[PDB]
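Text of work_38.txt, listed as compact mmCIF, C-alpha atoms and all ligand atoms:
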```
# COMPACT_ATOMS: atom_id res chain seq x y z
CA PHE A 20 92.67 103.34 97.96
CA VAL A 21 94.19 101.44 100.88
CA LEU A 22 96.53 102.81 103.54
CA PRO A 23 99.99 101.84 102.22
CA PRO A 24 102.64 100.09 104.32
CA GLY A 25 104.07 102.27 107.06
CA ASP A 26 106.06 102.21 110.28
CA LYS A 27 104.27 103.22 113.48
CA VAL A 28 107.56 103.70 115.35
CA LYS A 29 108.71 106.16 112.69
CA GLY A 30 105.21 107.59 113.08
CA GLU A 31 105.61 108.19 116.80
CA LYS A 32 108.96 109.87 116.15
CA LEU A 33 107.54 112.10 113.41
CA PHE A 34 104.56 112.94 115.63
CA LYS A 35 106.80 114.03 118.50
CA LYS A 36 108.81 116.12 116.04
CA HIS A 37 106.00 117.79 114.06
CA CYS A 38 102.73 117.61 115.99
CA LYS A 39 103.25 117.16 119.72
CA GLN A 40 104.01 120.86 120.25
CA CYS A 41 100.30 121.67 119.76
CA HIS A 42 98.49 118.33 120.22
CA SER A 43 97.99 116.05 123.20
CA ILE A 44 97.53 112.28 122.97
CA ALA A 45 95.59 111.99 126.23
CA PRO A 46 92.30 110.00 126.08
CA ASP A 47 90.29 112.84 127.61
CA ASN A 48 87.52 113.15 124.99
CA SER A 49 86.86 116.36 126.92
CA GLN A 50 89.79 117.72 124.86
CA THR A 51 88.54 116.54 121.44
CA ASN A 52 87.70 120.21 120.71
CA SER A 53 90.61 122.52 121.60
CA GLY A 54 91.04 120.89 125.00
CA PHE A 55 92.67 122.29 128.12
CA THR A 56 96.17 120.75 128.08
CA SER A 57 97.13 121.41 124.45
CA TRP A 58 96.34 124.25 122.05
CA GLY A 59 94.91 121.95 119.40
CA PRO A 60 92.62 119.07 120.34
CA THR A 61 93.89 115.72 121.54
CA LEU A 62 94.72 113.45 118.61
CA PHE A 63 93.84 110.37 120.66
CA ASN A 64 91.00 108.48 118.96
CA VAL A 65 91.20 110.93 116.06
CA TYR A 66 91.19 108.09 113.52
CA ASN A 67 87.72 107.94 111.93
CA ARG A 68 86.66 110.74 114.30
CA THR A 69 84.22 113.34 113.02
CA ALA A 70 86.32 116.41 112.25
CA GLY A 71 85.84 119.66 114.13
CA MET A 72 85.66 121.70 110.94
CA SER A 73 82.40 119.90 110.09
CA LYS A 74 80.78 122.62 112.23
CA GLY A 75 82.08 125.39 109.97
CA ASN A 76 79.11 126.86 108.09
CA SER A 77 76.85 124.97 110.48
CA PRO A 78 73.45 124.09 108.97
CA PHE A 79 72.22 123.70 112.56
CA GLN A 80 72.58 127.48 113.00
CA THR A 81 69.53 128.07 110.77
CA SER A 82 67.60 124.86 111.55
CA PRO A 83 67.85 121.65 113.61
CA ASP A 84 66.36 119.66 110.70
CA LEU A 85 69.61 120.21 108.74
CA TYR A 86 71.76 117.90 110.87
CA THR A 87 75.08 116.94 109.29
CA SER A 88 77.24 113.98 110.30
CA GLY A 89 80.24 115.84 108.89
CA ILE A 90 83.72 114.99 107.67
CA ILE A 91 85.51 111.88 108.98
CA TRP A 92 89.23 111.68 109.77
CA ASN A 93 89.86 108.56 107.72
CA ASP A 94 93.19 107.61 106.13
CA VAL A 95 92.75 109.66 102.96
CA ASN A 96 91.65 112.84 104.73
CA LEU A 97 94.46 112.62 107.30
CA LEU A 98 97.03 112.21 104.52
CA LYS A 99 95.62 115.11 102.48
CA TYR A 100 95.24 117.43 105.47
CA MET A 101 98.78 116.68 106.64
CA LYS A 102 99.95 117.49 103.11
CA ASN A 103 98.34 120.97 103.08
CA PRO A 104 95.95 121.92 105.88
CA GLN A 105 94.87 125.24 104.34
CA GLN A 106 94.01 123.75 100.94
CA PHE A 107 92.18 120.94 102.74
CA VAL A 108 90.06 123.42 104.72
CA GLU A 109 89.34 125.50 101.62
CA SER A 110 88.42 122.46 99.51
CA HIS A 111 86.25 120.71 102.10
CA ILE A 112 84.37 123.57 103.78
CA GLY A 113 84.56 126.21 101.02
CA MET A 114 86.88 128.83 102.53
CA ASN A 115 89.38 129.59 105.27
CA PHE A 116 90.59 132.75 107.00
CA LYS A 117 93.76 134.20 105.47
CA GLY A 118 93.38 137.57 107.21
CA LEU A 119 91.96 141.03 106.53
CA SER A 120 94.43 143.53 105.08
CA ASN A 121 92.32 146.66 105.62
CA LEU A 122 93.06 148.20 109.02
CA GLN A 123 89.80 150.07 109.58
CA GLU A 124 87.80 146.88 109.04
CA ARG A 125 89.85 145.09 111.69
CA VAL A 126 89.50 148.05 114.04
CA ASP A 127 85.72 148.03 113.53
CA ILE A 128 85.69 144.29 114.25
CA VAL A 129 87.62 144.92 117.47
CA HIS A 130 85.10 147.60 118.42
CA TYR A 131 82.30 145.08 117.90
CA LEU A 132 84.12 142.36 119.84
CA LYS A 133 84.66 144.72 122.78
CA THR A 134 80.85 144.80 123.15
CA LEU A 135 80.62 141.00 123.56
CA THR A 136 81.08 141.03 127.32
CA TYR A 137 79.02 140.28 130.42
CA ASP A 138 78.96 144.04 131.20
CA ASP A 139 78.17 145.74 127.89
CA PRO A 140 74.46 146.38 127.20
CA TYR A 141 74.63 144.59 123.83
CA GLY A 142 76.63 141.79 125.44
CA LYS A 143 74.09 141.54 128.26
CA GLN A 144 71.38 141.26 125.60
CA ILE A 145 73.21 138.41 123.85
CA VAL A 146 73.48 136.70 127.24
CA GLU A 147 69.79 136.63 128.16
CA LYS A 148 68.96 135.41 124.64
CA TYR A 149 70.95 132.23 125.39
CA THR A 150 69.77 131.80 129.00
CA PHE B 20 99.32 152.66 120.81
CA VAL B 21 95.60 153.30 121.32
CA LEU B 22 92.76 151.66 119.42
CA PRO B 23 91.81 154.10 116.61
CA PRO B 24 88.22 155.31 116.22
CA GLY B 25 85.94 152.58 114.95
CA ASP B 26 82.34 151.72 114.14
CA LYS B 27 80.91 148.75 116.03
CA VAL B 28 77.89 148.42 113.70
CA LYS B 29 80.18 148.11 110.69
CA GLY B 30 82.13 145.77 112.96
CA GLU B 31 79.10 143.55 113.50
CA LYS B 32 78.45 143.38 109.76
CA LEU B 33 82.11 142.57 109.06
CA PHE B 34 82.04 139.88 111.74
CA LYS B 35 78.97 138.31 110.14
CA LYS B 36 80.57 138.41 106.69
CA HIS B 37 84.04 137.15 107.73
CA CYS B 38 83.97 135.36 111.09
CA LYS B 39 80.54 133.98 111.99
CA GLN B 40 81.08 131.02 109.66
CA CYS B 41 83.43 129.33 112.15
CA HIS B 42 82.80 131.36 115.32
CA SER B 43 79.88 131.61 117.71
CA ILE B 44 79.21 134.61 119.95
CA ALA B 45 77.45 132.54 122.60
CA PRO B 46 78.34 133.16 126.27
CA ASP B 47 79.18 129.52 126.98
CA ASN B 48 82.57 129.97 128.69
CA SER B 49 82.87 126.22 128.08
CA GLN B 50 82.74 127.00 124.34
CA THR B 51 85.92 129.10 124.68
CA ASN B 52 87.70 125.84 123.77
CA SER B 53 85.90 125.58 120.41
CA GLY B 54 82.96 124.13 122.33
CA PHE B 55 80.56 122.37 119.98
CA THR B 56 78.23 125.01 118.52
CA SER B 57 81.02 126.23 116.22
CA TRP B 58 84.29 124.99 114.76
CA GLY B 59 86.27 127.80 116.35
CA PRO B 60 85.73 128.90 119.92
CA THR B 61 83.07 131.40 120.85
CA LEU B 62 84.37 134.95 120.46
CA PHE B 63 82.07 136.22 123.21
CA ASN B 64 84.24 137.81 125.91
CA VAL B 65 87.32 137.22 123.77
CA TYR B 66 88.59 140.75 124.45
CA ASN B 67 91.49 140.58 126.93
CA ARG B 68 91.00 136.81 127.12
CA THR B 69 94.01 134.53 127.40
CA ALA B 70 94.59 133.05 123.95
CA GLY B 71 94.32 129.31 123.43
CA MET B 72 97.65 129.22 121.59
CA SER B 73 99.33 130.08 124.90
CA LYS B 74 99.04 126.33 125.55
CA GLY B 75 101.33 125.42 122.65
CA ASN B 76 104.90 124.35 123.37
CA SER B 77 104.19 123.76 127.05
CA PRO B 78 107.16 122.76 129.24
CA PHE B 79 105.43 119.64 130.55
CA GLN B 80 108.68 118.36 132.08
CA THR B 81 108.19 121.15 134.66
CA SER B 82 104.43 121.65 134.18
CA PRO B 83 103.68 122.24 137.90
CA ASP B 84 106.57 124.73 138.12
CA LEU B 85 106.56 126.60 134.77
CA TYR B 86 103.22 127.39 133.12
CA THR B 87 101.57 130.81 132.83
CA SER B 88 99.50 131.31 129.67
CA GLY B 89 100.37 134.80 128.53
CA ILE B 90 99.18 135.66 125.04
CA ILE B 91 96.33 138.12 125.66
CA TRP B 92 93.73 139.09 123.05
CA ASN B 93 94.17 142.82 123.55
CA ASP B 94 93.60 145.35 120.77
CA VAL B 95 97.07 145.10 119.23
CA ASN B 96 97.16 141.30 119.19
CA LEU B 97 93.66 141.09 117.72
CA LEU B 98 94.58 143.50 114.92
CA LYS B 99 97.84 141.65 114.20
CA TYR B 100 96.19 138.21 114.23
CA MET B 101 93.36 139.38 111.99
CA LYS B 102 95.91 140.72 109.53
CA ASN B 103 97.88 137.45 109.22
CA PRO B 104 96.94 134.60 111.56
CA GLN B 105 99.74 132.27 110.44
CA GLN B 106 102.48 134.90 110.79
CA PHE B 107 101.06 135.81 114.20
CA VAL B 108 101.21 132.18 115.33
CA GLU B 109 104.74 131.75 114.01
CA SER B 110 105.97 134.92 115.68
CA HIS B 111 104.27 134.38 119.06
CA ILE B 112 104.65 130.63 119.72
CA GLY B 113 107.68 129.94 117.49
CA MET B 114 106.32 127.74 114.71
CA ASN B 115 103.21 126.64 112.85
CA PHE B 116 102.07 123.63 110.84
CA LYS B 117 102.31 124.23 107.09
CA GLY B 118 102.08 120.57 106.06
CA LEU B 119 104.38 117.61 105.48
CA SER B 120 105.42 117.15 101.86
CA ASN B 121 106.71 113.57 102.02
CA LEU B 122 104.08 110.86 101.67
CA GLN B 123 105.75 108.07 103.64
CA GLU B 124 106.13 110.24 106.75
CA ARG B 125 102.42 111.06 106.60
CA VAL B 126 101.59 107.38 106.17
CA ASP B 127 103.75 106.49 109.18
CA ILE B 128 102.00 109.22 111.17
CA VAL B 129 98.63 107.74 110.24
CA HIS B 130 99.91 104.33 111.34
CA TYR B 131 100.89 105.79 114.72
CA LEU B 132 97.55 107.60 115.07
CA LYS B 133 95.64 104.38 114.36
CA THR B 134 97.19 102.97 117.54
CA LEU B 135 95.81 105.85 119.64
CA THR B 136 92.59 104.00 120.45
CA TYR B 137 90.83 102.59 123.50
CA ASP B 138 91.43 99.03 122.22
CA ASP B 139 94.93 98.93 120.70
CA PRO B 140 97.50 97.63 123.22
CA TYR B 141 99.56 100.83 122.93
CA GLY B 142 96.44 102.97 123.19
CA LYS B 143 95.46 101.04 126.30
CA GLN B 144 98.77 101.91 127.96
CA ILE B 145 98.26 105.60 127.15
CA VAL B 146 94.86 105.33 128.84
CA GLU B 147 96.32 103.57 131.89
CA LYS B 148 98.99 106.24 132.33
CA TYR B 149 96.92 109.41 131.98
CA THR B 150 94.16 108.45 134.43
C1 LIG A 201 100.47 124.21 116.12
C2 LIG A 201 101.61 124.81 115.76
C3 LIG A 201 100.07 122.85 115.50
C4 LIG A 201 100.85 121.89 114.98
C5 LIG A 201 102.39 121.84 114.89
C6 LIG A 201 100.00 120.82 114.51
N1 LIG A 201 98.69 121.18 114.75
FE1 LIG A 201 97.11 120.07 114.34
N2 LIG A 201 95.86 121.65 114.80
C7 LIG A 201 96.27 122.73 115.55
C8 LIG A 201 95.08 123.38 116.08
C9 LIG A 201 95.07 124.63 116.97
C10 LIG A 201 94.01 122.70 115.65
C11 LIG A 201 92.54 123.03 115.96
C12 LIG A 201 92.04 124.07 114.97
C13 LIG A 201 91.92 123.48 113.59
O1 LIG A 201 92.47 124.09 112.64
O2 LIG A 201 91.25 122.41 113.45
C14 LIG A 201 94.48 121.59 114.84
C15 LIG A 201 93.69 120.64 114.21
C16 LIG A 201 94.11 119.37 113.85
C17 LIG A 201 93.27 118.24 113.54
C18 LIG A 201 91.71 118.22 113.54
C19 LIG A 201 91.23 117.51 114.80
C20 LIG A 201 89.72 117.49 114.85
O3 LIG A 201 89.18 117.03 115.89
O4 LIG A 201 89.08 117.94 113.87
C21 LIG A 201 94.06 117.21 113.26
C22 LIG A 201 93.58 115.80 112.87
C23 LIG A 201 95.43 117.64 113.38
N3 LIG A 201 95.42 118.98 113.74
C24 LIG A 201 96.55 116.87 113.18
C25 LIG A 201 97.85 117.31 113.22
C26 LIG A 201 99.02 116.58 112.77
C27 LIG A 201 99.00 115.16 112.17
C28 LIG A 201 100.10 117.34 112.99
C29 LIG A 201 101.57 117.04 112.65
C30 LIG A 201 101.88 116.29 111.59
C31 LIG A 201 99.64 118.59 113.57
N4 LIG A 201 98.27 118.53 113.70
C32 LIG A 201 100.43 119.65 113.92
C33 LIG A 201 97.57 123.11 115.75
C34 LIG A 201 98.69 122.42 115.35
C1 LIG A 202 87.10 129.20 109.69
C2 LIG A 202 87.02 129.20 108.36
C3 LIG A 202 87.38 130.51 110.49
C4 LIG A 202 87.13 131.79 110.15
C5 LIG A 202 86.41 132.33 108.88
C6 LIG A 202 87.61 132.64 111.22
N1 LIG A 202 88.17 131.83 112.18
FE1 LIG A 202 88.89 132.42 113.97
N2 LIG A 202 89.58 130.51 114.35
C7 LIG A 202 89.15 129.40 113.66
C8 LIG A 202 89.51 128.23 114.44
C9 LIG A 202 89.23 126.77 114.05
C10 LIG A 202 90.13 128.65 115.56
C11 LIG A 202 90.67 127.76 116.69
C12 LIG A 202 92.07 127.27 116.30
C13 LIG A 202 93.05 128.42 116.30
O1 LIG A 202 93.81 128.55 115.29
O2 LIG A 202 93.09 129.19 117.30
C14 LIG A 202 90.18 130.10 115.52
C15 LIG A 202 90.73 130.93 116.48
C16 LIG A 202 90.48 132.28 116.61
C17 LIG A 202 90.81 133.11 117.75
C18 LIG A 202 91.51 132.64 119.04
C19 LIG A 202 90.43 132.54 120.12
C20 LIG A 202 91.02 131.98 121.38
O3 LIG A 202 90.21 131.61 122.28
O4 LIG A 202 92.27 131.89 121.48
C21 LIG A 202 90.39 134.35 117.50
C22 LIG A 202 90.54 135.56 118.44
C23 LIG A 202 89.78 134.36 116.18
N3 LIG A 202 89.85 133.08 115.67
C24 LIG A 202 89.22 135.46 115.56
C25 LIG A 202 88.66 135.47 114.31
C26 LIG A 202 88.17 136.64 113.61
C27 LIG A 202 88.20 138.07 114.19
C28 LIG A 202 87.68 136.25 112.43
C29 LIG A 202 87.08 137.12 111.32
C30 LIG A 202 87.50 138.37 111.13
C31 LIG A 202 87.87 134.81 112.33
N4 LIG A 202 88.47 134.38 113.49
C32 LIG A 202 87.51 134.01 111.27
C33 LIG A 202 88.51 129.40 112.44
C34 LIG A 202 88.05 130.52 111.76
```

As structure tokens, what does this structure read like?
Amino acid sequence: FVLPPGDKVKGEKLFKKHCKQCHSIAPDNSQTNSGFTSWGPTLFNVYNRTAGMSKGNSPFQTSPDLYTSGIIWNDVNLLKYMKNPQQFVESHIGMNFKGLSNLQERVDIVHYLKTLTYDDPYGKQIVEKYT
Amino acid sequence: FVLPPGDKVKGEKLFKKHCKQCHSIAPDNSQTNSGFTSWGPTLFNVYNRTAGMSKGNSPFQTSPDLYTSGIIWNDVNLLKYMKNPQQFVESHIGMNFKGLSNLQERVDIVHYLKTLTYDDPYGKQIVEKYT
């Protein structure tokens, strides 16, 4: 497959219409993950960039010998992701988050999350483990 | 509304089964923007934290005069977002990306993104401006 003929001016227009609300184009590189100006990461230099979702189900979490170069934002993957982001995530990493319907489970999760703070004993324990 | 009674141990187990795949619990503070250890941001100290999606649809024509991130991850918002993230996004920021059906528009977008690079003439101008 080769990237078919397209119009980059039309592309700028479509980007301002559909993507600019959540994505910057600034060449920060310090914004390539989430960033500080836009919600989503800067899409500058995104072409052939290693995708952030490569870190989902990180093999590094259990061992540094399981390094993974990850998924690349080449032409095909950009086209497919722009077609259907959720199906792309599910098909490339194995699953996505569509929400938890049960209310007690979500409440229990909130109770757990409230302990992940710099003041809670459990949170203080998580802190020293990473210091 | 008050947070109903909950079990933080069951919450930890639910977090490990449903959230740890894409979320760290590391006190990085710099990882709150997805960081690098995980695809999603660290959920450590996420309670009552300003949500990253507050940065979407930013009035950058009056950026110095009108900007005050104000989606807070309090109990209610966490429960709502965990129930249906996409509906939460759509109802709190106004819209969400569900994909572009047409193939030529996506191709044109890829053509525009290929010019966002440190060596393309257009990408060079974007660099010049934002420094
Ligand atoms: C909010 C309403 C968004 C709109 C509209 C678009 N995107 Fe987005 N995208 C958004 C976020 C918060 C994130 C980060 C979390 C995630 O799911 O990855 C993204 C991610 C991307 C990426 C991945 C970048 C990476 O470094 O891995 C790309 C390439 C991307 N988004 C492109 C993109 C395009 C082409 C859009 C319009 C056609 C678009 N996004 C809209 C939030 C939002
Ligand atoms: C990947 C498959 C994920 C799973 C499973 C869960 N989350 Fe996540 N979440 C993910 C990303 C890539 C992002 C950043 C982009 C975005 O849409 O915001 C998030 C974001 C959050 C946030 C916002 C944090 C902030 O700083 O604003 C929260 C509070 C959050 N996610 C919570 C959460 C919970 C409770 C989960 C399991 C029950 C969970 N997420 C799963 C990706 C993924």

State the Cα RMSD (Å, one decimal) obtained when chain A is least-squares superposed onto chain B, all Cα atoms paired in order.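 Pairing the C-alpha atoms in order and fitting gives 0.9 Å.
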
Just checking: using all atoms listed in the file, which residue out of B:114, B:72, B:91, B:21 ends up closest to chain A?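 Checking each of B:114, B:72, B:91, B:21 against chain A, counting all atoms listed in the file, the winner is B:72.
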
Could you please determine the separation between atom CA of residue 129 of chain A and atom CA of residue 82 of chain A in Å, to one decimal place?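 Taking atom CA of residue 129 of chain A and atom CA of residue 82 of chain A, their separation equals 29.0 Å.
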
Let me have the centre and edge lengths in Å, one decimal, of the box along x, y and z around every listed atom of ligand LIG 202 (chain A) with 4 Å of margin on each side, as lines of an AutoDock Vina configuration file.
```
center_x = 90.1
center_y = 132.6
center_z = 115.3
size_x = 15.4
size_y = 19.6
size_z = 21.9
```

Write out as JSON, numbers by chain each polymer residue whose atoms come within 8 Å of residue 27 of chain B, counting all atoms listed in the file; drop sequence neighbours fewer than 6 positions from it. {"A": [127, 128, 129, 130, 131]}

As an MDAnalysis selection string, please: the residues near residue 45 of chain A (cut-off 12 Å, all atoms listed in the file, same-chain neighbours under 5 positions excluded). (chainID A and resid 39 50:51 54:57 60:65) or (chainID B and resid 135:137 142:150)

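When all atoms listed in the file are used to measure the gap to chain B, the shortest distance among A:40, A:48, A:134, A:93 belongs to A:40.
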
Looking at all atoms listed in the file, which of B:74, B:66, B:33, B:87 is the one that sits closest to residue 112 of chain B? B:74

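Taking atom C8 of ligand LIG 201 (chain A) as the reference point, atom CA of residue 98 of chain B is found at 20.2 Å.
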
Neighbouring residues of residue 118 of chain B were defined as those with any atom within 10 Å, considering all atoms listed in the file; residues of the same chain fewer than 3 positions away were excluded. Please report them as a VMD selection string. (chain A and resid 37 98 to 105) or (chain B and resid 115 121 125)

If you keep C-alpha atoms, can you produce a file of those selected residues as an mmCIF file, in the frame of the given file?
```
data_model
loop_
_atom_site.group_PDB
_atom_site.id
_atom_site.type_symbol
_atom_site.label_atom_id
_atom_site.label_comp_id
_atom_site.auth_asym_id
_atom_site.auth_seq_id
_atom_site.Cartn_x
_atom_site.Cartn_y
_atom_site.Cartn_z
ATOM 1 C CA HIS A 37 106.000 117.790 114.060
ATOM 2 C CA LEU A 98 97.030 112.210 104.520
ATOM 3 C CA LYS A 99 95.620 115.110 102.480
ATOM 4 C CA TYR A 100 95.240 117.430 105.470
ATOM 5 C CA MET A 101 98.780 116.680 106.640
ATOM 6 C CA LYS A 102 99.950 117.490 103.110
ATOM 7 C CA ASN A 103 98.340 120.970 103.080
ATOM 8 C CA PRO A 104 95.950 121.920 105.880
ATOM 9 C CA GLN A 105 94.870 125.240 104.340
ATOM 10 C CA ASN B 115 103.210 126.640 112.850
ATOM 11 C CA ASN B 121 106.710 113.570 102.020
ATOM 12 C CA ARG B 125 102.420 111.060 106.600
#
```

For chain A, the nearest of the candidates B:78, B:43, B:108, B:117, counting all atoms listed in the file: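 Once distances to chain A are computed over all atoms listed in the file, the minimum belongs to B:117.
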
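Closest approach to ligand LIG 201 (chain A) among A:107, A:86, A:34, A:20: A:34, based on only C-alpha atoms and all ligand atoms.
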
Please, what distance in Å, to one decimal, runs between atom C4 of ligand LIG 202 (chain A) and atom CA of residue 122 of chain B?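 These atoms are spaced 28.2 Å apart.
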